[PDB]
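Trainee: Take a look at this one; I'll ask things after.
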Amino acid sequence: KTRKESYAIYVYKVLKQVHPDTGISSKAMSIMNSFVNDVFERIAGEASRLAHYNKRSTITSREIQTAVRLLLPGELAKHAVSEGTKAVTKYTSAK
Amino acid sequence: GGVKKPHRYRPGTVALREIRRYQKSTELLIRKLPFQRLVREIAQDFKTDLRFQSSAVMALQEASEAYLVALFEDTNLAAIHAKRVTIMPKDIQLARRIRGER
Amino acid sequence: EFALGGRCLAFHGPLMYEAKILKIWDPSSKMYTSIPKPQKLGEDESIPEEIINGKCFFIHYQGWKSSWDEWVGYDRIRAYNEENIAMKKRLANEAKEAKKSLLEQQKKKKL
Amino acid sequence: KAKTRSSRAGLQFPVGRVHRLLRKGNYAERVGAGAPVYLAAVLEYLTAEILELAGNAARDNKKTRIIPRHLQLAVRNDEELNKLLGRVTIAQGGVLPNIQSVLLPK
Amino acid sequence: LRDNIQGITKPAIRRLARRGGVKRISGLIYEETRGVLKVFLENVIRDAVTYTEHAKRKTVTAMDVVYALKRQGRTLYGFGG
Amino acid sequence: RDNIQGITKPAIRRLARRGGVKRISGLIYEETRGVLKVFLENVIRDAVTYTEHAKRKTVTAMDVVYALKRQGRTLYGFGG
């Protein structure tokens with residue numbers, strides 16, 4: 001059907017969380033959508049690979065980490081691991 | 001007695017001024033219609049009578065400009081490598097060689 | 001003769017230069033005709049009073065920008081004919097001799 | 001009353017869609033519950049650092065709306081993104097305003 | 001249409017190189033930079049027409065363009081992921 | 001540390017000689033050792049990260065070519 005699926009309102013809300021005064025044009029927003037899609041595929045693919053190497057069968061939050069630390073350059077990495085760990089900590093605390 | 005001389009910016013002044021102006025422009029350089037045609041003749045021996053979406057050309061041109069400008073800074077570095085300010089055909093041959101596509 | 005948009009040769013210092021006639025001025029009517037229609041002088045438009053009593057032409061120098069465009073009278077303007085072209089060649093040769101004298105005096109200054 | 005998984009995780013990026021993507025992506029036989037949560041957590045971060053640098057670029061270019069020139073300045077001024085996304089060319093970015101020193105007048 | 005490679009006037013190749021930050025340009029560049037293009041576009045358009053005909057499509061899609069760029073190592077942003 | 005000077009000047013010449021290089025500056029060696037180490041910490045950072053993923057405390061030739069695979073280069077005869 002007609003429905004096309006993208007991270008429009010989500011990146012808009014995190015932008016308002018960062019800067020609740022700043023606009024966006026649609027083609028910069030497509031830059032953001034394609035960018036988050038691309039980094040999502042890199043992180044998920046590496047994870048899939050790690051798993052198949054370790055003879056596992058499931059994408060645990062662990063893989064996504066070994067991955068985020070394997071792909072993103074270091075500076076972005078440790079902060080991404082920190083925010084992902086506190087996010088999954090919040091997820092398990094709120095069940 | 002005193003004969004006139006025109007006001008001409010010196011060789012290089014005009015150069016660097018349009019360098020600063022073009023390094024602030026994001027607009028595409030190669031013109032649209034000239035480029036679109038560049039493609040339709042290349043996509044002939046692959047298959048005849050193609051149609052193209054109203055985005056593919058724009059994507060393929062701005063993409064070509066990105067490839068060419070990225071080739072051009074390291075072409076500039078290769079020209080400076082021989083202590084020169086003129087770039088030469090050998091510079092881009094070496095660039096494409098060391099990227100691994102010559 | 002002189003026509004709107006036609007070739008002309010004009011004084012500029014001691015030398016001859018080719019120009020386009022864009023406007024033709026009539027001193028009696030305080031008026032000039034232009035090319036893209038009689039009209040008077042504008043607010044920012046003026047003619048030097050040394051020539052404004054004679055028939056003036058607003059001219060544009062070929063090979064030089066619009067900042068060199070100016071009003072000239074019959075003293076400073078001539079028709080584009082072979083006599084004027086020949087004396088233009090003659091004054092070009094005079095400028096060439098002046099440049100050659102410049103070269104001679106600088107090469108004697110070098111010695 | 002049904003609450004979303006993002007508010008459980010305290011994020012604005014959605015766990016639901018990205019779980020539906022991770023699954024249809026067939027990355028592994030089974031995907032766990034915490035993997036899309038961690039995935040959304042990292043994506044929002046990297047969407048944020050890039051947006052905050054773009055906002056700094058917009059302030060420095062004194063604009064009230066993000067333009068991909070600001071995105072290009074954000075990705076190219078940061079050296080860490082420059083080998084994260086130096087592999088990447090973006091739309092309507094231009095280049096950095098750089099002049100080599102030998103090309104300067106004496 | 002034929003030999004439209006010339007459509008990119010030297011004026012343009014220079015604007016790009018100018019965008020690149022160079023000062024002077026050699027004379028026989030223009031055939032060669034254009035060459036860096038005929039060969040670059042031909043392999044790009046080959047990958048693009050491969051996706052085109054494989055996807056049962058008779059119109060070359062901008063999607064297929066950025067898809068082929070994703071493959072060869074010269075990927076592009078702003079036209080879908 | 002002590003082994004970074006262990007990559008010796010004739011060995012760097014031997015790499016250059018295998019590389020077809022006739023004349024070599026004296027300042028090649030130490031910054032070439034630096035280029036070697038930046039490459040080594042990159043590859044072994046990826047390889048060790050693969051190693052503690054596996055609940056392991058040794059790195060394997062398999063993990064090395066795996067890191068090389070990520071980095072882009074592949075090696076043969078060392079597993080994989």
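Ordered as shown in the structure tokens, chains take letters A, B, and onward, while each chain numbers its residues from 1 and ligands are numbered from 1 in the order shown.
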From a DSSP calculation on the backbone, collect every residue of segment 1-93 of chain C in strand (DSSP E or B) and output the set as a PyMOL selection string.
Mentor: chain C and resi 7-12+15-26+31-34+38-39+57-61+70-72+77-79
Trainee: At a cut-off of 12 Å, using only C-alpha atoms, what residues contact segment 25-27 of chain F? Leave out same-chain residues fewer than 5 positions from it and give the result as a PyMOL selection string.
Mentor: chain F and resi 9-10+12-13+16+32-34
Trainee: So the first atom is atom CA of residue 29 of chain F and the second is atom CA of residue 17 of chain F; what is the distance between them in Å, to one decimal place?
Mentor: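 Straight-line distance from atom CA of residue 29 of chain F to atom CA of residue 17 of chain F works out to 13.6 Å.
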Trainee: Residues of chain E that have any atom at most 12 Å from an atom of chain A: could you tabulate them with the shortest-distance atom pair and the distance in Å to one decimal, using only C-alpha atoms, ordered by chain and increasing number, as CSV?
Mentor:
```
residue,atom,partner,partner_atom,distance
E:63,CA,A:34,CA,11.8
E:66,CA,A:34,CA,10.7
E:67,CA,A:38,CA,11.7
E:70,CA,A:38,CA,9.8
E:75,CA,A:38,CA,10.4
E:76,CA,A:34,CA,9.4
E:77,CA,A:31,CA,5.7
E:78,CA,A:31,CA,4.3
E:79,CA,A:30,CA,6.8
E:80,CA,A:34,CA,5.5
E:81,CA,A:34,CA,4.3
```
Trainee: Restricted to N, CA, C and O atoms, what would the selected residues look like written as an mmCIF file, in the first residue's frame?
Mentor:
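Printed below is result_27.cif as written:
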```
data_model
loop_
_atom_site.group_PDB
_atom_site.id
_atom_site.type_symbol
_atom_site.label_atom_id
_atom_site.label_comp_id
_atom_site.auth_asym_id
_atom_site.auth_seq_id
_atom_site.Cartn_x
_atom_site.Cartn_y
_atom_site.Cartn_z
ATOM 1 N N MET E 63 16.678 5.545 -7.180
ATOM 2 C CA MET E 63 16.925 4.520 -6.175
ATOM 3 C C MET E 63 18.038 3.583 -6.629
ATOM 4 O O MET E 63 19.026 3.376 -5.939
ATOM 5 N N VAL E 66 21.525 5.340 -6.447
ATOM 6 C CA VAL E 66 22.194 5.373 -5.147
ATOM 7 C C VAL E 66 22.491 3.952 -4.665
ATOM 8 O O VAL E 66 23.458 3.715 -3.933
ATOM 9 N N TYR E 67 21.732 2.965 -5.114
ATOM 10 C CA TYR E 67 21.975 1.556 -4.854
ATOM 11 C C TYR E 67 23.298 1.127 -5.493
ATOM 12 O O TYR E 67 24.154 0.518 -4.863
ATOM 13 N N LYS E 70 26.163 2.681 -3.671
ATOM 14 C CA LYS E 70 26.362 1.970 -2.402
ATOM 15 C C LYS E 70 27.258 0.771 -2.647
ATOM 16 O O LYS E 70 28.158 0.517 -1.857
ATOM 17 N N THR E 75 29.240 5.852 -2.519
ATOM 18 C CA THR E 75 27.842 6.011 -2.117
ATOM 19 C C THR E 75 27.426 7.473 -1.978
ATOM 20 O O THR E 75 28.267 8.368 -1.863
ATOM 21 N N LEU E 76 26.111 7.704 -1.994
ATOM 22 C CA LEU E 76 25.533 9.043 -2.017
ATOM 23 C C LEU E 76 24.406 9.114 -0.995
ATOM 24 O O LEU E 76 23.765 8.102 -0.705
ATOM 25 N N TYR E 77 24.187 10.295 -0.431
ATOM 26 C CA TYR E 77 23.166 10.510 0.582
ATOM 27 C C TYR E 77 22.114 11.497 0.087
ATOM 28 O O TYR E 77 22.373 12.291 -0.820
ATOM 29 N N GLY E 78 20.925 11.430 0.680
ATOM 30 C CA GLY E 78 19.840 12.345 0.358
ATOM 31 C C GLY E 78 18.852 11.847 -0.669
ATOM 32 O O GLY E 78 18.022 12.640 -1.137
ATOM 33 N N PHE E 79 18.893 10.579 -1.062
ATOM 34 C CA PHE E 79 17.991 10.070 -2.084
ATOM 35 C C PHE E 79 17.421 8.720 -1.683
ATOM 36 O O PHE E 79 17.179 7.868 -2.537
ATOM 37 N N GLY E 80 17.221 8.508 -0.396
ATOM 38 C CA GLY E 80 16.725 7.239 0.083
ATOM 39 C C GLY E 80 17.861 6.318 0.493
ATOM 40 O O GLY E 80 18.980 6.389 -0.033
ATOM 41 N N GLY E 81 17.633 5.448 1.481
ATOM 42 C CA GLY E 81 18.664 4.546 2.035
ATOM 43 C C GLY E 81 18.642 3.123 1.487
ATOM 44 O O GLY E 81 17.559 2.509 1.461
#
```
Trainee: Which parts of segment 23-84 of chain D does DSSP call alpha helix (DSSP H) when run on the backbone here, written out as a PyMOL selection string?
Mentor: chain D and resi 23-24+34-60+68-77+81-84
Trainee: Select, from B:73, B:101, B:91, B:45, the residue with the minimum atom-to-atom distance to residue 20 of chain E, counting only C-alpha atoms.
Mentor: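 Smallest separation from residue 20 of chain E among the options: B:73.
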Trainee: Atom CA of residue 86 of chain A to atom CA of residue 34 of chain D: how many Å, to one decimal?
Mentor: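 Result for atom CA of residue 86 of chain A versus atom CA of residue 34 of chain D: 11.6 Å, one decimal.
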Trainee: Compile a residue-level contact table for chain D against chain B at a cut-off of 6 Å, reporting for every qualifying residue the shortest atom pair and its distance in Å to one decimal, with only C-alpha atoms counted, rows ordered by chain and ascending number, as JSON lines.
Mentor:
```
{"residue": "D:92", "atom": "CA", "partner": "B:26", "partner_atom": "CA", "distance": 5.2}
{"residue": "D:93", "atom": "CA", "partner": "B:26", "partner_atom": "CA", "distance": 5.7}
{"residue": "D:94", "atom": "CA", "partner": "B:26", "partner_atom": "CA", "distance": 4.6}
{"residue": "D:97", "atom": "CA", "partner": "B:23", "partner_atom": "CA", "distance": 5.7}
```
Trainee: Would you pick out the contacts of residue 77 of chain A at 12 Å or less, using only C-alpha atoms, so that residues sharing its chain but fewer than 4 positions from it are not included, and give the list as a CSV table (one decimal) with C-alpha atoms, in the first residue's frame?
Mentor:
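See out05.csv below for the written result:
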```
chain,number,residue,atom,x,y,z
A,43,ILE,CA,25.8,-2.0,13.0
A,64,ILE,CA,25.2,-4.7,19.0
A,65,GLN,CA,27.9,-3.5,21.3
A,66,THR,CA,30.9,-5.5,20.1
A,67,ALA,CA,29.6,-4.1,16.9
A,68,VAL,CA,29.2,-0.4,17.8
A,69,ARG,CA,32.7,-0.6,19.2
A,70,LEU,CA,33.9,-2.4,16.2
A,71,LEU,CA,32.5,0.0,13.6
A,72,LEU,CA,32.1,3.5,14.9
A,73,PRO,CA,35.4,5.2,15.5
A,81,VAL,CA,28.2,2.2,24.5
A,82,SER,CA,27.4,4.3,27.5
A,83,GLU,CA,24.1,5.6,26.2
A,84,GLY,CA,23.1,2.2,24.9
A,85,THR,CA,23.9,0.5,28.2
D,42,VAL,CA,22.9,4.3,19.7
D,43,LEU,CA,21.1,5.6,16.6
D,45,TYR,CA,22.9,9.4,19.9
D,46,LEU,CA,24.6,9.5,16.6
D,49,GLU,CA,25.7,14.5,18.1
D,80,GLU,CA,35.9,11.3,14.0
D,81,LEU,CA,33.0,11.5,11.6
D,84,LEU,CA,33.2,7.4,10.1
```
Trainee: Got a sec: who's within 12 Å of segment 68-70 of chain C, counting only C-alpha atoms, leaving out chain neighbours fewer than 6 positions off, as a short mmCIF file (atom, residue, chain, number, x, y, z; two decimals) with C-alpha atoms, in the first residue's frame?
Mentor:
```cif
data_model
loop_
_atom_site.label_atom_id
_atom_site.label_comp_id
_atom_site.auth_asym_id
_atom_site.auth_seq_id
_atom_site.Cartn_x
_atom_site.Cartn_y
_atom_site.Cartn_z
CA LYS B 4 45.91 54.72 -19.41
CA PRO B 6 43.13 49.06 -17.34
CA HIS B 7 42.26 47.74 -13.93
CA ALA C 10 37.71 59.59 -31.03
CA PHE C 11 40.42 61.43 -29.17
CA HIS C 12 41.52 60.23 -25.78
CA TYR C 17 40.12 54.93 -30.15
CA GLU C 18 37.11 53.21 -31.69
CA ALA C 19 33.73 53.74 -30.06
CA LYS C 20 29.99 53.16 -30.37
CA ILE C 21 27.63 56.13 -30.48
CA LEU C 22 24.85 55.33 -28.00
CA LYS C 23 23.28 58.80 -27.68
CA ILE C 24 23.14 61.84 -29.97
CA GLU C 45 23.12 62.59 -16.28
CA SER C 46 25.18 65.63 -17.26
CA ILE C 47 27.43 66.80 -20.08
CA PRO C 48 30.59 68.92 -19.60
CA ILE C 51 31.20 70.68 -25.45
CA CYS C 56 27.64 65.84 -28.55
CA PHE C 57 27.67 62.06 -28.75
CA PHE C 58 27.68 59.67 -25.80
CA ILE C 59 30.21 57.02 -26.80
CA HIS C 60 31.41 53.67 -25.50
CA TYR C 61 35.02 52.62 -26.06
CA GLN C 62 35.45 49.22 -27.69
CA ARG C 76 36.79 64.83 -29.87
CA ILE C 77 34.69 62.81 -32.38
#
```
Trainee: Show me, as a PyMOL selection string, the residues that have an atom within 10 Å of residue 37 of chain D when counting only C-alpha atoms, minus same-chain residues fewer than 4 positions from it.
Mentor: (chain A and resi 61+84-85+87-91) or (chain D and resi 5-6+8-11+13-16+18-19+32-33+41-42)
Trainee: In Å to one decimal, how far is atom CA of residue 27 of chain D from atom CA of residue 50 of chain F?
Mentor: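 These two atoms are separated by 17.6 Å.
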Trainee: May I have a table of the residues of chain F lying at most 12 Å from chain A, giving each one's closest pair of atoms and their distance in Å to one decimal, counting only C-alpha atoms, ordered by chain and ascending residue number, as CSV?
Mentor:
```
residue,atom,partner,partner_atom,distance
F:42,CA,A:70,CA,10.3
F:43,CA,A:70,CA,10.6
F:44,CA,A:70,CA,11.2
F:45,CA,A:70,CA,8.4
F:46,CA,A:70,CA,6.1
F:47,CA,A:70,CA,9.3
F:48,CA,A:70,CA,10.0
F:49,CA,A:66,CA,6.6
F:50,CA,A:66,CA,7.4
F:51,CA,A:54,CA,10.0
F:52,CA,A:66,CA,8.7
F:53,CA,A:66,CA,6.5
F:54,CA,A:54,CA,6.2
F:55,CA,A:54,CA,9.5
F:56,CA,A:54,CA,10.6
F:62,CA,A:53,CA,9.7
F:63,CA,A:53,CA,9.3
F:66,CA,A:53,CA,9.1
F:67,CA,A:70,CA,9.2
F:69,CA,A:49,CA,11.0
F:70,CA,A:71,CA,8.6
F:71,CA,A:71,CA,9.7
F:80,CA,A:53,CA,10.6
```
Trainee: Report as a Markdown table: every residue of chain E with an atom at most 6 Å from chain B, its closest pair of atoms, and their distance in Å to one decimal, counting only C-alpha atoms, with rows sorted by chain and ascending residue number.
Mentor:
```
| residue | atom | partner | partner_atom | distance |
| --- | --- | --- | --- | --- |
| E:1 | CA | B:41 | CA | 5.5 |
| E:2 | CA | B:41 | CA | 6.0 |
| E:4 | CA | B:38 | CA | 5.3 |
| E:5 | CA | B:38 | CA | 5.7 |
| E:7 | CA | B:34 | CA | 4.9 |
| E:12 | CA | B:30 | CA | 5.4 |
| E:16 | CA | B:69 | CA | 5.9 |
| E:17 | CA | B:72 | CA | 5.7 |
| E:18 | CA | B:19 | CA | 5.6 |
| E:19 | CA | B:22 | CA | 5.5 |
| E:20 | CA | B:72 | CA | 4.9 |
| E:22 | CA | B:76 | CA | 5.6 |
| E:24 | CA | B:86 | CA | 4.8 |
| E:25 | CA | B:87 | CA | 5.8 |
| E:26 | CA | B:88 | CA | 5.7 |
| E:29 | CA | B:89 | CA | 5.7 |
| E:59 | CA | B:51 | CA | 4.2 |
| E:60 | CA | B:52 | CA | 4.3 |
| E:61 | CA | B:53 | CA | 5.1 |
| E:62 | CA | B:56 | CA | 3.5 |
```
Trainee: Do you know which residues are at most 10 Å from residue 52 of chain D counting only C-alpha atoms, after dropping those on the same chain fewer than 6 positions away, and could you put them as a ChimeraX atom specification?
Mentor: /A:15,18-19 /D:46,58,71,74
